């Protein structure tokens, strides 16, 4: 028998029936913190230092490790491109802070795409443009300060392969598509027009099935999520493909009494982790 | 006695006299291939591969190792800056080919400054601009093809700290200075106005006291010199300071009979070796 | 550690006590620059008020890492985050955050 | 340089402006060399 | 164990001359 079944190479063993020389012709048969509940760093004044930069959190049980997996360089068993990759390390795996957003009582919510956010920032950006192939994980840190008299709750989540959709002309008759500035808004991010369906026909209420953390003003002022590289290929174009989107949505609206500070910003600070590149040539912006 | 003599820390031992608590107050006393003759790679179709690039020479006894020292990263004993450096490796230590020069029967000679030549080229350039501190060695490869009926000889030499001077207004009364485009001509290099004195009041005839190789058309079509990092400090600005100049001077003029190919170019291909950077910040061009 | 006169303005030379601390307050525009100064310990400017700066002036050369401590003296009810950066040599004051 | 990462925020009843005191010192790897006179003290007249 | 495999010139006196 040829070992060409789709399940060949998995830890689970199935008992199947077959009458042909190819394994995939066989019957499906029968088989014979949790990765999905946003595992905290512990389950798997504080200071996270990476490169020449340091942010300050409070607890390791407050850092989510997406899918329970820490970022890593691509192993030889999964690699396919044969050139030696460049792993610049400290010049690219460090914290970059993007433009700050302003949280208002009627804000809808925002999203950023990765690695799009940094393709034009620092040495990371340069490497992303000079190489065809890119790969990395990310430490995502969202910051929001308010007083003990303010209230509100942001859901901060990482949605892998965040494909956006349109309102189809309102009536649903128009097969319109999101424009480039909407699918890859860059460093400044973009605003959601229908946060309830994440501008993609899926419920915000179930977004917690993805790696996430809440920023509930009365309890915390920051959220930190560590994201491993996720894709169906070991390396990919940092320009053509965004591996995941970061969503920051006010599920419980911001509120405070008149006279309390009304300028409440939200700041995103991100650090590539284990960034590596391959397929060197001239710089390409898109 | 305080061990504060200028010779403290050298391999040579001197027998001196002293009457004071400070060692430097002491008398000079008495003490008690060759590095300068351009050591070949052997003394210390061929293919030199570095990064994603390969050049083809012929012999290892045809590669000069300047001062008999191979490029190396800065050792901890000599380092002073405390941040972890970035050593991008294959994206910067690889061969870059500059604009080709045209050798004419009356050409004076050319020079290029390092690392100026590559501060705006590739990932090396980006790192040189994003970091305050830079350091590296270089593999310098000069190419010139001609027929068995052509004749001529180029002296290819590396002059550390190649400070240029002016003709002082011709009369010698004007304290003029070389302009920026002359001291750091960039990738295209520059032409010598008085090659006999290297545009610096010193004899071209003694330039062979520096690492060099001849390109004598009847025998060879290329010269390769490997240069270690040389400076009075372990790292320095790639923008403000050029560690050495590359000089290509036709000591025996090009000649050939009418009808033989008259377009005889000279091409320079260089590869940074062990390039490292530190003191990261925003990109600075100069 | 000794106090740095970061707020060394020409306009407060007659009320020198005001040079010993600098303001932070509610911003209406994000990413604002709060204060900037060089990191040269022996140079004229904020470091001159520190004993480190004054002893540096009894020597020609120095070497080593320095530490700058910032103490927020607003109320317990005030909160916020600042980004403090050290930019190695190369240009001028970074134009933005 | 010191920049606002988020914002200085307060509830009703607290001042909207506060101050920061900055202090400096050398770390253990700091040294000085070539002892010389300082520019920060002079003498223009007799000290009586 | 490792996921990625790729990761004195002048002496005190002048030289003597030897008979051919």
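A few comments on the model shown:
The chains carry the letters A, B, C, D and E, assigned in the order they are written, with residues numbered from 1 in each.
We adopt the following convention: contacts are C-beta pairs under 8 Å (C-beta built on N, C-alpha and C of every residue); 3 or more make two chains touch, one makes a residue touch a chain.
Contact with chain B and chain E alike is made by A.
Interface comparison, C-D versus A-C: the higher count of C-beta contacts falls to C-D. In whole angstrom, the spacing between the mean C-alpha positions of chain B and chain C is 42.
In this assembly, the C-alpha centroid of chain B lies 44 Å from the C-alpha centroid of chain D.
Put simply, the C-alpha centre of chain C and that of chain E have 54 angstrom between them.
Chain A and chain B have centres, each the mean of its CA atoms, that are 46 Å apart.
Residue positions 5-11, 16, 29 of chain D each touch two or more of the other chains. Residues of chain E in contact with two or more other chains: none. For chain B, residues that reach two or more other chains under the stated contact definition are 82, 131, 280. Partner chain D is touched in their complex by these residues of chain A: 97, 100, 143-150, 256-257, 259-261, 263-267, 269. In the complex of the two chains, the chain A residues touching chain E come out as 72-76, 84-85, 87. The touching residues of chain C, counted against chain D in their complex, run 1-4, 6, 20-27, 30-36, 41, 46-48, 50, 52-75, 77-85, 87, 93-94, 97.
Taken in their complex, chain D has these residues touching chain A: 5-12, 16.
Partner chain A is touched in their complex by these residues of chain E: 3-7.
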